[PDB]
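Participant: Data file start-v2.pdb (PDB, N, CA and C atoms) is appended below.
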MODEL        1
ATOM      1  N   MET A   1       0.801  -1.231   0.000
ATOM      2  CA  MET A   1       0.000   0.000   0.000
ATOM      3  C   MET A   1       0.842   1.293   0.000
ATOM      4  N   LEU A   2       2.173   1.169   0.053
ATOM      5  CA  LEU A   2       3.151   2.253  -0.111
ATOM      6  C   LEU A   2       4.076   2.016  -1.305
ATOM      7  N   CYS A   3       4.580   3.113  -1.877
ATOM      8  CA  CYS A   3       5.280   3.088  -3.148
ATOM      9  C   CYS A   3       6.599   2.305  -3.102
ATOM     10  N   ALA A   4       6.831   1.541  -4.164
ATOM     11  CA  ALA A   4       8.054   0.743  -4.329
ATOM     12  C   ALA A   4       9.246   1.598  -4.807
ATOM     13  N   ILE A   5       8.977   2.780  -5.389
ATOM     14  CA  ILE A   5      10.019   3.733  -5.796
ATOM     15  C   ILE A   5      10.602   4.440  -4.556
ATOM     16  N   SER A   6       9.772   5.134  -3.754
ATOM     17  CA  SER A   6      10.249   5.870  -2.559
ATOM     18  C   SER A   6       9.403   5.714  -1.286
ATOM     19  N   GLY A   7       8.246   5.040  -1.330
ATOM     20  CA  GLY A   7       7.469   4.725  -0.120
ATOM     21  C   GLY A   7       6.498   5.806   0.334
ATOM     22  N   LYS A   8       6.370   6.824  -0.506
ATOM     23  CA  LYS A   8       5.468   7.966  -0.402
ATOM     24  C   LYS A   8       3.996   7.533  -0.433
ATOM     25  N   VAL A   9       3.154   8.192   0.372
ATOM     26  CA  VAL A   9       1.684   8.066   0.308
ATOM     27  C   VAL A   9       1.207   8.669  -1.027
ATOM     28  N   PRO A  10       0.642   7.875  -1.955
ATOM     29  CA  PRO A  10       0.385   8.339  -3.316
ATOM     30  C   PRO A  10      -0.793   9.321  -3.431
ATOM     31  N   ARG A  11      -0.656  10.272  -4.362
ATOM     32  CA  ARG A  11      -1.701  11.190  -4.844
ATOM     33  C   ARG A  11      -2.405  10.592  -6.069
ATOM     34  N   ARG A  12      -1.683   9.805  -6.882
ATOM     35  CA  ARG A  12      -2.205   8.964  -7.971
ATOM     36  C   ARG A  12      -1.716   7.519  -7.782
ATOM     37  N   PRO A  13      -2.392   6.702  -6.946
ATOM     38  CA  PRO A  13      -2.083   5.290  -6.758
ATOM     39  C   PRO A  13      -2.166   4.542  -8.082
ATOM     40  N   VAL A  14      -1.087   3.837  -8.364
ATOM     41  CA  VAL A  14      -0.779   3.192  -9.644
ATOM     42  C   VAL A  14      -0.110   1.836  -9.422
ATOM     43  N   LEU A  15      -0.425   0.867 -10.275
ATOM     44  CA  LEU A  15       0.139  -0.486 -10.288
ATOM     45  C   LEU A  15       0.724  -0.811 -11.683
ATOM     46  N   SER A  16       1.655  -1.764 -11.747
ATOM     47  CA  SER A  16       2.163  -2.387 -12.979
ATOM     48  C   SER A  16       2.052  -3.911 -12.841
ATOM     49  N   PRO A  17       1.534  -4.644 -13.851
ATOM     50  CA  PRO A  17       1.232  -6.080 -13.753
ATOM     51  C   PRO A  17       2.377  -7.006 -13.320
ATOM     52  N   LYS A  18       3.634  -6.535 -13.322
ATOM     53  CA  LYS A  18       4.820  -7.363 -13.023
ATOM     54  C   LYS A  18       5.238  -7.240 -11.558
ATOM     55  N   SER A  19       5.506  -6.013 -11.119
ATOM     56  CA  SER A  19       5.770  -5.627  -9.723
ATOM     57  C   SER A  19       4.581  -5.846  -8.770
ATOM     58  N   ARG A  20       3.347  -5.591  -9.231
ATOM     59  CA  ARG A  20       2.041  -5.775  -8.551
ATOM     60  C   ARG A  20       1.830  -5.015  -7.222
ATOM     61  N   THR A  21       2.814  -4.231  -6.785
ATOM     62  CA  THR A  21       2.734  -3.250  -5.684
ATOM     63  C   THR A  21       1.843  -2.056  -6.101
ATOM     64  N   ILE A  22       1.611  -1.087  -5.207
ATOM     65  CA  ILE A  22       0.975   0.196  -5.531
ATOM     66  C   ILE A  22       1.999   1.307  -5.268
ATOM     67  N   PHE A  23       2.411   2.022  -6.311
ATOM     68  CA  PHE A  23       3.255   3.218  -6.231
ATOM     69  C   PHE A  23       2.509   4.481  -6.651
ATOM     70  N   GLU A  24       3.141   5.618  -6.390
ATOM     71  CA  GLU A  24       2.712   6.913  -6.891
ATOM     72  C   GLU A  24       3.049   7.018  -8.390
ATOM     73  N   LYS A  25       2.091   7.431  -9.233
ATOM     74  CA  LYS A  25       2.248   7.624 -10.680
ATOM     75  C   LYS A  25       3.443   8.517 -10.975
ATOM     76  N   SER A  26       3.589   9.587 -10.195
ATOM     77  CA  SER A  26       4.676  10.550 -10.369
ATOM     78  C   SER A  26       6.066   9.936 -10.136
ATOM     79  N   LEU A  27       6.212   9.070  -9.123
ATOM     80  CA  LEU A  27       7.480   8.424  -8.793
ATOM     81  C   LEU A  27       7.807   7.297  -9.784
ATOM     82  N   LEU A  28       6.792   6.573 -10.270
ATOM     83  CA  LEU A  28       6.968   5.613 -11.361
ATOM     84  C   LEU A  28       7.411   6.348 -12.629
ATOM     85  N   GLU A  29       6.784   7.482 -12.963
ATOM     86  CA  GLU A  29       7.134   8.291 -14.142
ATOM     87  C   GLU A  29       8.626   8.675 -14.138
ATOM     88  N   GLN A  30       9.172   8.995 -12.959
ATOM     89  CA  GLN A  30      10.612   9.208 -12.784
ATOM     90  C   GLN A  30      11.431   7.950 -13.132
ATOM     91  N   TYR A  31      11.094   6.812 -12.527
ATOM     92  CA  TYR A  31      11.847   5.558 -12.668
ATOM     93  C   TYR A  31      11.763   4.983 -14.091
ATOM     94  N   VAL A  32      10.610   5.162 -14.736
ATOM     95  CA  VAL A  32      10.300   4.615 -16.057
ATOM     96  C   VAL A  32      10.847   5.485 -17.208
ATOM     97  N   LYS A  33      11.198   6.748 -16.937
ATOM     98  CA  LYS A  33      11.958   7.604 -17.875
ATOM     99  C   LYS A  33      13.472   7.518 -17.614
ATOM    100  N   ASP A  34      13.867   6.975 -16.460
ATOM    101  CA  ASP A  34      15.250   6.629 -16.096
ATOM    102  C   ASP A  34      15.733   5.374 -16.832
ATOM    103  N   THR A  35      14.998   4.268 -16.664
ATOM    104  CA  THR A  35      15.328   2.940 -17.220
ATOM    105  C   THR A  35      14.127   2.267 -17.879
ATOM    106  N   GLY A  36      12.914   2.685 -17.507
ATOM    107  CA  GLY A  36      11.668   2.042 -17.912
ATOM    108  C   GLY A  36      11.282   0.847 -17.038
ATOM    109  N   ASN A  37      12.171   0.353 -16.188
ATOM    110  CA  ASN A  37      11.971  -0.902 -15.468
ATOM    111  C   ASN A  37      10.826  -0.839 -14.436
ATOM    112  N   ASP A  38      10.226  -1.986 -14.121
ATOM    113  CA  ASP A  38       9.313  -2.125 -12.975
ATOM    114  C   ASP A  38      10.170  -2.112 -11.684
ATOM    115  N   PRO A  39       9.819  -1.361 -10.622
ATOM    116  CA  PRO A  39      10.642  -1.211  -9.403
ATOM    117  C   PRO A  39      11.072  -2.493  -8.657
ATOM    118  N   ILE A  40      10.477  -3.662  -8.944
ATOM    119  CA  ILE A  40      10.695  -4.917  -8.195
ATOM    120  C   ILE A  40      11.186  -6.043  -9.114
ATOM    121  N   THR A  41      10.519  -6.258 -10.252
ATOM    122  CA  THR A  41      10.897  -7.303 -11.228
ATOM    123  C   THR A  41      11.962  -6.838 -12.227
ATOM    124  N   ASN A  42      12.253  -5.530 -12.264
ATOM    125  CA  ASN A  42      13.061  -4.818 -13.246
ATOM    126  C   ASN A  42      12.716  -5.109 -14.718
ATOM    127  N   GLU A  43      11.478  -5.531 -14.991
ATOM    128  CA  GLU A  43      10.979  -5.783 -16.347
ATOM    129  C   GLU A  43      10.931  -4.469 -17.151
ATOM    130  N   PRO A  44      11.675  -4.329 -18.270
ATOM    131  CA  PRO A  44      11.710  -3.099 -19.068
ATOM    132  C   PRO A  44      10.326  -2.617 -19.528
ATOM    133  N   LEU A  45      10.075  -1.317 -19.336
ATOM    134  CA  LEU A  45       8.818  -0.576 -19.557
ATOM    135  C   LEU A  45       7.753  -0.919 -18.492
ATOM    136  N   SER A  46       6.955   0.081 -18.112
ATOM    137  CA  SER A  46       6.020   0.047 -16.979
ATOM    138  C   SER A  46       4.739   0.814 -17.300
ATOM    139  N   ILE A  47       4.872   2.114 -17.561
ATOM    140  CA  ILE A  47       3.793   3.046 -17.869
ATOM    141  C   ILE A  47       2.998   2.755 -19.148
ATOM    142  N   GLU A  48       3.618   2.094 -20.123
ATOM    143  CA  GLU A  48       2.953   1.564 -21.320
ATOM    144  C   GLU A  48       2.046   0.358 -21.000
ATOM    145  N   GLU A  49       2.072  -0.117 -19.750
ATOM    146  CA  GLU A  49       1.275  -1.237 -19.224
ATOM    147  C   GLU A  49       0.527  -0.865 -17.928
ATOM    148  N   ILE A  50       0.489   0.430 -17.595
ATOM    149  CA  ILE A  50      -0.010   0.974 -16.331
ATOM    150  C   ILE A  50      -1.466   0.612 -16.008
ATOM    151  N   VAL A  51      -1.693   0.399 -14.716
ATOM    152  CA  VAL A  51      -2.998   0.223 -14.059
ATOM    153  C   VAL A  51      -3.175   1.311 -12.992
ATOM    154  N   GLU A  52      -3.676   2.486 -13.381
ATOM    155  CA  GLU A  52      -4.020   3.555 -12.431
ATOM    156  C   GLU A  52      -5.281   3.204 -11.624
ATOM    157  N   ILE A  53      -5.163   3.257 -10.296
ATOM    158  CA  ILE A  53      -6.190   2.885  -9.318
ATOM    159  C   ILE A  53      -7.165   4.062  -9.136
ATOM    160  N   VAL A  54      -8.081   4.211 -10.094
ATOM    161  CA  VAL A  54      -9.128   5.251 -10.114
ATOM    162  C   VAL A  54     -10.096   5.140  -8.916
ATOM    163  N   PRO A  55     -10.707   6.255  -8.458
ATOM    164  CA  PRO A  55     -11.645   6.254  -7.325
ATOM    165  C   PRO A  55     -13.021   5.634  -7.642
ATOM    166  N   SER A  56     -13.326   5.374  -8.918
ATOM    167  CA  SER A  56     -14.594   4.831  -9.427
ATOM    168  C   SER A  56     -15.008   3.530  -8.729
TER     169      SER A  56
ENDMDL
END
Can you turn what I pasted into C-alpha cells?
Facilitator:
Amino acid sequence: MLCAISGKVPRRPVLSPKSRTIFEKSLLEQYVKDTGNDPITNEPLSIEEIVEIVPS
C-alpha cells in the first residue's frame, strides 16, 4: 500500500502487472523515464502497461 520507488503516500495510486505493488504515478514516471523498469521485477517498460487505481 506504499510506493516501491520511494514509499510515499500516493496522490495517484498506480500499479504495474509485473511488480504488482501500488506506487505513486509521479514516482513511477521518474523511474520509467530513467530505465523504464518495474521497481521490483526490473521488467523493461512500466507506464505503457499501467494500471491507475481510479476512485470509481
Participant: Run DSSP on the backbone and grab whatever in chain A lands in alpha helix (DSSP H); send it over as a PyMOL selection string.
Facilitator: chain A and resi 25-34
Participant: Determine, counting only C-alpha atoms, which protein, DNA and RNA residues have an atom within 7 Å of an atom of stretch 19-32 of chain A; residues of the same chain fewer than 4 positions away are not included. Present the result as a PyMOL selection string.
Facilitator: chain A and resi 1-5+10-15+36-41+45-47
Participant: State, in Å with one decimal place, the distance from atom C of residue A:34 to atom N of residue A:54.
Facilitator: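 If I compute the distance from atom C of residue A:34 to atom N of residue A:54, I get 24.8 Å.
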Participant: To one decimal in Å, tell me the separation between atom CA of residue A:6 and atom CA of residue A:49.
Facilitator: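 Computing it gives 20.2 Å between the two atoms.
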Participant: What is the atom C of residue A:52-atom C of residue A:9 distance in Å, reported with one decimal?
Facilitator: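 Computing it gives 13.6 Å between the two atoms.
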Participant: First collect every listed atom of stretch 28-43 of chain A; then fit an axis-aligned box around them, widen it by 6 Å on each side, and give centre and edge lengths in Å to one decimal, as lines of an AutoDock Vina configuration file.
Facilitator:
center_x = 11.3
center_y = 1.0
center_z = -13.1
size_x = 20.9
size_y = 28.5
size_z = 21.7
